[PDB]
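Reviewing the structure listed below.
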Amino acid sequence: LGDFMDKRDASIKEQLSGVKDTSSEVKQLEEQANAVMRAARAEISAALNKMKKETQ
Amino acid sequence: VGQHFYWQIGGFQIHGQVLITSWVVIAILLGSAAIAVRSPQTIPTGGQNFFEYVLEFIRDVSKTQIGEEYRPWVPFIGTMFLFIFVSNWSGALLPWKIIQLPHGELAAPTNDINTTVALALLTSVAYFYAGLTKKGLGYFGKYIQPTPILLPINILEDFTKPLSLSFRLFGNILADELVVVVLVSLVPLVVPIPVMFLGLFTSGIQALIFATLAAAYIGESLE
């Protein structure tokens, strides 16, 4: 019965570390989406500015 | 009425009633607990809640009294509760004045001193086992720490801890059964049943105060 006390509790606790891990991964997805969209934006900004000045 | 016994001979004399009464407690403890551990479930079904809530109660009176290392001593205190809880509830509830042994009564395993001083020694070994395992074998809790002149106070405290814990459990069960024995001789059973409910109340409590105080000497030895 001791294992059953642990099993229900560890499983309940495990879901807790899993839902926390999933929330940390969605925060890292938001930060990578931030970096990839500003990556494309700053790519275009720098490329057009430099190529503009050079061919001017 | 009767405070005597019949003895059984195996080279020495031992009480017939105590062994026999105790066996039913053993068969009703293993026979009912092991019917629920046959096929357990994740969410506890009907009947497993009561055996889980007992086990969660034993963890309460072990962790509060011992400490962080309660978990090895759970099956000991779990026996010293349940072997004394069911032994008292068998005395009041199981009708044993219908069965007639030719020499003695059958009420409880704890009506003789032979059970209660054995259970007071099984909990006495336990705090000498915990006292000599965790701390040093050379010097342990009887060492005269606050003052050197406290020696006869602390030597005699060794004797009083199993003895006062035995006659507490021995007397109140022998008293409770005798009130049932005496009042039946005066009156039929419709009058003594509030007195039996006052007795069955303290019959389970003196088991609880045993296992609470039995764990309380464990935590004293570990310090």
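Ordering of the structure tokens sets the chain letters (A, B, ...), residue numbers begin anew at 1 in every chain, and ligands are numbered from 1 in the order given.
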
Review point. How would you write, as a PyMOL selection string, the set of residues in region 13-126 of chain B that DSSP gives as alpha helix (DSSP H)?
Key: chain B and resi 16-33+48-63+74-93+113-126

Check your understanding: Excluding same-chain residues fewer than 4 positions from region 24-40 of chain B, what lies within 8 Å of it counting only C-alpha atoms, as a count of residues only?
Key -> 11

Practice item. Compute the set of chain A residues within 12 Å of chain B, using only C-alpha atoms, and express it as a PyMOL selection string. Key: chain A and resi 1-12

Review point. What is the distance between CA of residue 50 (chain B) and CA of residue 212 (chain B), in Å to one decimal?
Key: 19.8 Å

Review point. If you count only C-alpha atoms, which residues fall within 12 Å of residue 65 (chain B), apart from same-chain ones fewer than 4 positions away, as a PyMOL selection string?
Key: chain B and resi 58-61+69-71+73-74+77+211-223

Selected residues written out with N, CA and C atoms, as a short mmCIF file (atom, residue, chain, number, x, y, z; two decimals), in the first residue's frame:
data_model
loop_
_atom_site.label_atom_id
_atom_site.label_comp_id
_atom_site.auth_asym_id
_atom_site.auth_seq_id
_atom_site.Cartn_x
_atom_site.Cartn_y
_atom_site.Cartn_z
N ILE B 58 -1.38 6.30 10.43
CA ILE B 58 -0.17 5.77 11.07
C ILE B 58 1.03 6.62 10.68
N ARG B 59 1.04 7.12 9.44
CA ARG B 59 2.09 8.03 9.00
C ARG B 59 2.01 9.37 9.73
N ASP B 60 0.83 9.73 10.23
CA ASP B 60 0.70 10.97 10.99
C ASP B 60 1.36 10.84 12.35
N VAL B 61 1.06 9.76 13.07
CA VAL B 61 1.55 9.62 14.44
C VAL B 61 2.97 9.08 14.45
N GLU B 69 12.65 10.45 9.59
CA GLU B 69 12.89 9.02 9.38
C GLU B 69 11.80 8.16 10.01
N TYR B 70 10.55 8.59 9.84
CA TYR B 70 9.41 7.83 10.33
C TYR B 70 9.19 6.57 9.50
N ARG B 71 9.48 6.63 8.21
CA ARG B 71 9.16 5.59 7.24
C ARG B 71 9.76 4.19 7.43
N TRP B 73 9.87 2.92 10.58
CA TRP B 73 9.13 2.50 11.76
C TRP B 73 7.63 2.47 11.55
N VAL B 74 7.16 2.70 10.33
CA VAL B 74 5.72 2.61 10.05
C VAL B 74 5.15 1.21 10.25
N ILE B 77 4.84 0.62 14.32
CA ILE B 77 3.76 1.39 14.94
C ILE B 77 2.42 1.03 14.31
N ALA B 211 0.37 3.69 20.76
CA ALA B 211 1.20 3.84 19.57
C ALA B 211 1.70 5.26 19.40
N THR B 212 0.97 6.24 19.94
CA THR B 212 1.47 7.61 19.93
C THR B 212 2.66 7.75 20.87
N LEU B 213 2.54 7.17 22.07
CA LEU B 213 3.62 7.27 23.04
C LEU B 213 4.75 6.30 22.71
N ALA B 214 4.45 5.19 22.03
CA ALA B 214 5.49 4.27 21.60
C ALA B 214 6.40 4.91 20.56
N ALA B 215 5.83 5.69 19.65
CA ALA B 215 6.64 6.44 18.70
C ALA B 215 7.36 7.59 19.39
N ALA B 216 6.80 8.08 20.50
CA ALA B 216 7.39 9.22 21.18
C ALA B 216 8.66 8.85 21.93
N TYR B 217 8.85 7.57 22.26
CA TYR B 217 10.13 7.18 22.84
C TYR B 217 11.15 6.87 21.76
N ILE B 218 10.70 6.61 20.53
CA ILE B 218 11.63 6.41 19.43
C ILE B 218 12.35 7.71 19.12
N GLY B 219 11.60 8.81 19.02
CA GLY B 219 12.20 10.09 18.67
C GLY B 219 13.08 10.65 19.77
N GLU B 220 12.82 10.26 21.02
CA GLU B 220 13.71 10.64 22.11
C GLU B 220 15.04 9.91 22.03
N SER B 221 15.05 8.66 21.59
CA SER B 221 16.29 7.90 21.51
C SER B 221 17.15 8.35 20.34
N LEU B 222 16.53 8.85 19.27
CA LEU B 222 17.28 9.26 18.09
C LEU B 222 18.00 10.58 18.27
N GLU B 223 17.54 11.42 19.20
CA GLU B 223 18.18 12.70 19.48
C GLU B 223 19.53 12.52 20.17
#
